[PDB]
**Student:** 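My questions will all concern the structure given below.
The analysis underlying the following values was restricted to heavy atoms, covering all of them including side chains, and did not include hydrogens, waters or symmetry mates. All chains are named by letter (A, B, ...) in the order of the sequence lines, taking the proteins before the strands, and each is independently numbered beginning at 1. Order of appearance sets the numbers: ligands from 1, and atoms from 1 within every ligand.
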Amino acid sequence: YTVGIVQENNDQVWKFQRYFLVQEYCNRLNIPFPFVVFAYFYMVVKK
Amino acid sequence: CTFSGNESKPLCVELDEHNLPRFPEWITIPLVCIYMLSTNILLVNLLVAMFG
Ligand SMILES: CC(C)CCC[C@@H](C)[C@H]1CC[C@H]2[C@@H]3CC=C4C[C@@H](OC(=O)CCC(=O)O)CC[C@]4(C)[C@H]3CC[C@]12C
Ligand SMILES: FC(F)(F)c1ccccc1-c1cc(C(F)(F)F)c2[nH]c(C3=NOC4(CCCCC4)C3)nc2c1
């Protein structure tokens with residue numbers, strides 16, 4: 001019953017969460033993680 | 001159990017200074033309880049609902 005009821009309002013919430021995740025990833029260094037640490041060094045040199 | 005891997009048996013559990021098992025039941029038993037509850041019951045019923 002719950003699955004039948006809450007289906008229509010599920011994709012909308014997922015799209016909202018998708019916006020959140022996509023903006024989190026875009027508002028990021030966009031560098032592969034195993035080397036991203038270098039950025040944290042380099043950037044902290046400038047900041 | 002086998003202390004050495006010579007035999008085709010599971011490795012024996014670690015033992016303490018005294019020759020008694022070293023793991024705590026109060027951690028393992030709740031773990032298995034939760035796992036069985038989640039797998040046997042909840043997940044299968046959810047699958048039934050989605051199939052319906
Ligand atoms: C919330 C849901 C998903 C879990 C409920 C299942 C219960 C049956 C579990 C939860 C807590 C568990 C208990 C936590 C601690 C212990 C002590 C344990 O006794 C010992 O082995 C002590 C060892 C020692 O004294 O050295 C026996 C199981 C028991 C009652 C566990 C058995 C099963 C319990 C009651
Ligand atoms: F159908 C289902 F999914 F069961 C479920 C249906 C309805 C409501 C909740 C759940 C659910 C969801 C999750 C989550 F999505 F959050 F993961 C669960 N996770 C766990 C466990 N976590 O770790 C365990 C495995 C690893 C060892 C420790 C125990 C089991 N039980 C869940 C039940």
**Student:** In a simple table, one pair per line, please give the protein and ligand 2 atom names for every N or O pair closer than 3.5 Å, along with the distance.
**Tutor:**
{"from": "ligand 2", "atom 1": "31 (N)", "to": "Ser38(B)", "atom 2": "OG", "distance (Å)": "3.1"}

**Student:** For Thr2(B) versus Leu11(B), what's the shortest heavy-atom pair and its separation?
**Tutor:**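 In terms of heavy atoms, the two residues are closest at O-CD1, 3.5 Å.
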**Student:** What is the nearest protein non-hydrogen atom to atom 27 (C) of ligand 1, stated with its residue, atom name and distance?
**Tutor:**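 Among all protein heavy atoms, the one nearest atom 27 (C) of ligand 1 is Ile29(B) CD1, 4.2 Å.
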**Student:** Check for a donor-acceptor pair, side chain of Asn10(A) on one end and backbone N or O of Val6(A) on the other, with a separation under 3.5 Å.
**Tutor:**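 Not a single qualifying donor-acceptor pair exists.
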**Student:** Could you report the tightest heavy-atom contact between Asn9(A) and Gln12(A), atom names first, then the distance?
**Tutor:**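 Minimum heavy-atom separation between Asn9(A) and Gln12(A): OD1-NE2, 3.7 Å.
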**Student:** Taking the six-membered ring for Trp, are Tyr42(A) and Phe38(A) closer than 6.0 Å centroid to centroid?
**Tutor:**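 No: the rings miss the under 6.0 Å criterion.
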**Student:** Taking atom 6 (C) of ligand 1 as the point of reference, which of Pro24(B), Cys33(B), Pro30(B) owns the nearest heavy atom?
**Tutor:**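 The nearest heavy atom belongs to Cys33(B).
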**Student:** Considering only the protein, which heavy-atom contact is closest to atom 23 (C) of ligand 1, and what is its distance?
**Tutor:**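 Heavy-atom neighbour on the protein nearest atom 23 (C) of ligand 1: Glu25(B) OE1, 4.0 Å.
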**Student:** Can you confirm whether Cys26(A) sits close enough to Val22(A) that some side-chain heavy atom of one is under 4.5 Å from a side-chain heavy atom of the other?
**Tutor:**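 Side chain of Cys26(A) against side chain of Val22(A), heavy atoms only: contact under 4.5 Å found.
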**Student:** Which pair of non-hydrogen atoms, one from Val44(B) and one from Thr39(B), has the smallest distance, and what is that distance?
**Tutor:**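 Answer, listing the atom of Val44(B) first, then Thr39(B): CG2-O, 3.6 Å.
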**Student:** Could you go through the side chain to side chain contact (heavy atoms under 4.5 Å, CB included) check for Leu15(B) and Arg22(B) one step at a time?
**Tutor:** CA-CA 5 Å; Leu15(B) 308 181; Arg22(B) 172 173 256 161; 5.7 Å; no
**Student:** Within 4.0 Å of atom 21 (O) of ligand 1 (strictly less), any protein heavy atom?
**Tutor:**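 It does; a protein heavy atom is within 4.0 Å.
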**Student:** Tell me whether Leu42(B) shares a hydrophobic cluster with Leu46(B), the cluster being built from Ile, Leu, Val, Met, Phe, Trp, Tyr side chains joined at under 4.5 Å.
**Tutor:**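 No, no single cluster joins them.
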**Student:** Does the protein place any heavy atom closer than 4.0 Å to atom 3 (C) of ligand 1?
**Tutor:**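 Within 4.0 Å: yes, protein heavy atom nearby.
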**Student:** Is atom 34 (C) of ligand 1 near the protein, in the sense that some protein heavy atom lies at less than 4.0 Å from it?
**Tutor:**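 False for atom 34 (C) of ligand 1.
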**Student:** With heavy atoms of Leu37(B) as the reference, note each atom of ligand 1 found under 4.0 Å away.
**Tutor:**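 What qualifies from ligand 1 is 3 (C).
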**Student:** Does the protein put a heavy atom less than 4.0 Å from atom 12 (C) of ligand 1?
**Tutor:**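 Yes, there is one.
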**Student:** Answer yes or no: is there a side-chain heavy-atom contact under 4.5 Å between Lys15(A) and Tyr19(A)?
**Tutor:**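 With C-beta onward as the side chain, the pair stays apart.
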**Student:** Taking atom CG of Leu31(B) and atom OG1 of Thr28(B), what is their separation to the nearest 0.5 Å?
**Tutor:**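 Spacing of CG (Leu31(B)) from OG1 (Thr28(B)) equals 7.5 Å.
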**Student:** Indicate yes or no: does an N/O atom of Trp26(B) lie under 3.5 Å from an N/O atom of ligand 1?
**Tutor:**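 In fact, backbone or side chain, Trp26(B) has no N or O that close.
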